[PDB]
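Heads up: the structure comes next, in structure tokens.
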Amino acid sequence: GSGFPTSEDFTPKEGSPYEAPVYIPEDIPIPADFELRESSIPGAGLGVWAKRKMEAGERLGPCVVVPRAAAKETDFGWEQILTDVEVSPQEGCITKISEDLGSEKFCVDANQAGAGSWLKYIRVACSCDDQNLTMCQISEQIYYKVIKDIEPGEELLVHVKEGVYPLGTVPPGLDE
């Protein structure tokens, strides 16, 4: 039986009988400014707690760096952001290199660690007095934009939704 050391007869433990404990072997890379942990807070659920503070104008990332023609499902809070031919002229927008935030002149902890799935954990604020959550959609990629300063110990960042995605914060009749 998978999940427990059975030790009954000469039954080969085939097929990789593995089960995920409290600490998952995935271990998704996250920015050091935020901690990912299972902590069910009544009214929200699980989220990534900022162990550090932020001041108004901050944005959580990276989530996804997926361009226009990167095969989007259908809608994530608009209708279809792939409404522009991504020709991408090779006379300007190329970026074959990547600026690394290392020990040169980069006292910024960004574009280093962060698969992106870490940002889908943050949910709607437990209380309407704690509303400080807004979704940002730029360059056809997803970011969580914070409203005002964050104090270490509260994660309120979500795409406001009252159905699935669209009518939550965007007009369901965009561009008429």
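Ordered as shown in the structure tokens, chains take letters A, B, and onward, while each chain numbers its residues from 1 and ligands are numbered from 1 in the order shown.
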Contacts of region 46-61 of chain A at 9 Å (only C-alpha atoms; same-chain gap of 5+ positions) as a PyMOL selection string: chain A and resi 31-41+110-111+114+116+118-123+136+142-157
How far is it from CA of residue 126 (chain A) to CA of residue 73 (chain A), in Å with one decimal?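 Separation of CA of residue 126 (chain A) and CA of residue 73 (chain A): 28.7 Å.
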Do a neighbour search on residue 74 (chain A) at 12 Å with only C-alpha atoms, toss out local chain neighbours closer than 5 positions, and write the hits as a ChimeraX atom specification. /A:79-83,164-166
Could you write out that same residue set with N, CA and C atoms as a PDB file, in the first residue's frame?
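The new file out.pdb reads:
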```pdb
ATOM      1  N   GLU A  79     -10.614  39.477 -22.146  1.00  0.00           N
ATOM      2  CA  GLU A  79     -11.385  38.835 -23.197  1.00  0.00           C
ATOM      3  C   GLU A  79     -10.420  38.115 -24.130  1.00  0.00           C
ATOM      4  N   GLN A  80      -9.369  38.839 -24.523  1.00  0.00           N
ATOM      5  CA  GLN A  80      -8.305  38.310 -25.363  1.00  0.00           C
ATOM      6  C   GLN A  80      -7.243  39.388 -25.598  1.00  0.00           C
ATOM      7  N   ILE A  81      -6.195  39.391 -24.778  1.00  0.00           N
ATOM      8  CA  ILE A  81      -5.121  40.370 -24.942  1.00  0.00           C
ATOM      9  C   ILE A  81      -4.287  40.105 -26.193  1.00  0.00           C
ATOM     10  N   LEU A  82      -4.480  38.939 -26.800  1.00  0.00           N
ATOM     11  CA  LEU A  82      -3.782  38.598 -28.031  1.00  0.00           C
ATOM     12  C   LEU A  82      -4.536  39.154 -29.231  1.00  0.00           C
ATOM     13  N   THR A  83      -4.712  40.459 -29.199  1.00  0.00           N
ATOM     14  CA  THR A  83      -5.481  41.172 -30.202  1.00  0.00           C
ATOM     15  C   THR A  83      -4.558  42.047 -31.045  1.00  0.00           C
ATOM     16  N   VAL A 164     -15.617  34.594 -12.697  1.00  0.00           N
ATOM     17  CA  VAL A 164     -14.404  33.855 -13.006  1.00  0.00           C
ATOM     18  C   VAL A 164     -13.225  34.816 -13.059  1.00  0.00           C
ATOM     19  N   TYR A 165     -13.253  35.689 -14.054  1.00  0.00           N
ATOM     20  CA  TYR A 165     -12.200  36.679 -14.243  1.00  0.00           C
ATOM     21  C   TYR A 165     -12.747  38.064 -14.641  1.00  0.00           C
ATOM     22  N   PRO A 166     -13.521  38.174 -15.743  1.00  0.00           N
ATOM     23  CA  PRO A 166     -13.754  39.464 -16.408  1.00  0.00           C
ATOM     24  C   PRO A 166     -14.509  40.479 -15.549  1.00  0.00           C
TER      25      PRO A 166
END
```
Using DSSP on the backbone coordinates, identify all residues within chain A classified as helix (DSSP H, G or I); present the result as a list in words.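 Secondary structure check on chain A, helix (DSSP H, G or I): residues 117, 118, 119, 120, 128, 129, 130, 166, 167, 168 and 169 of chain A.
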Please dump the current selection as a short mmCIF file (atom, residue, chain, number, x, y, z; two decimals), in the first residue's frame; keep N, CA and C atoms.
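Written file, result_23.cif:
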```cif
data_model
loop_
_atom_site.label_atom_id
_atom_site.label_comp_id
_atom_site.auth_asym_id
_atom_site.auth_seq_id
_atom_site.Cartn_x
_atom_site.Cartn_y
_atom_site.Cartn_z
N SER A 117 4.39 30.54 -10.29
CA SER A 117 3.22 29.92 -9.68
C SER A 117 3.00 30.40 -8.25
N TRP A 118 4.03 31.01 -7.66
CA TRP A 118 3.96 31.47 -6.28
C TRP A 118 2.92 32.58 -6.13
N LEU A 119 2.62 33.28 -7.22
CA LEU A 119 1.73 34.43 -7.17
C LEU A 119 0.26 34.05 -7.29
N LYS A 120 -0.03 32.83 -7.72
CA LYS A 120 -1.43 32.42 -7.86
C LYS A 120 -2.00 31.97 -6.51
N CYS A 128 -13.07 43.39 4.29
CA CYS A 128 -13.21 44.48 3.34
C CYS A 128 -12.49 45.73 3.83
N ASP A 129 -12.04 45.70 5.08
CA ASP A 129 -11.27 46.80 5.65
C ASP A 129 -9.80 46.64 5.29
N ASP A 130 -9.46 45.47 4.77
CA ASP A 130 -8.07 45.13 4.47
C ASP A 130 -7.83 45.06 2.97
N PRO A 166 -13.52 38.17 -15.74
CA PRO A 166 -13.75 39.46 -16.41
C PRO A 166 -14.51 40.48 -15.55
N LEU A 167 -15.78 40.20 -15.27
CA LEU A 167 -16.67 41.15 -14.59
C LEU A 167 -16.16 41.52 -13.20
N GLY A 168 -15.15 40.80 -12.74
CA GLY A 168 -14.57 41.06 -11.44
C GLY A 168 -14.02 42.46 -11.29
N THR A 169 -13.30 42.93 -12.30
CA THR A 169 -12.71 44.26 -12.25
C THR A 169 -12.69 44.95 -13.61
#
```
Could you pull out the strand (DSSP E) residues of chain A from DSSP and send them as a ChimeraX atom specification? /A:34-41,45-50,59-60,133-138,141-146
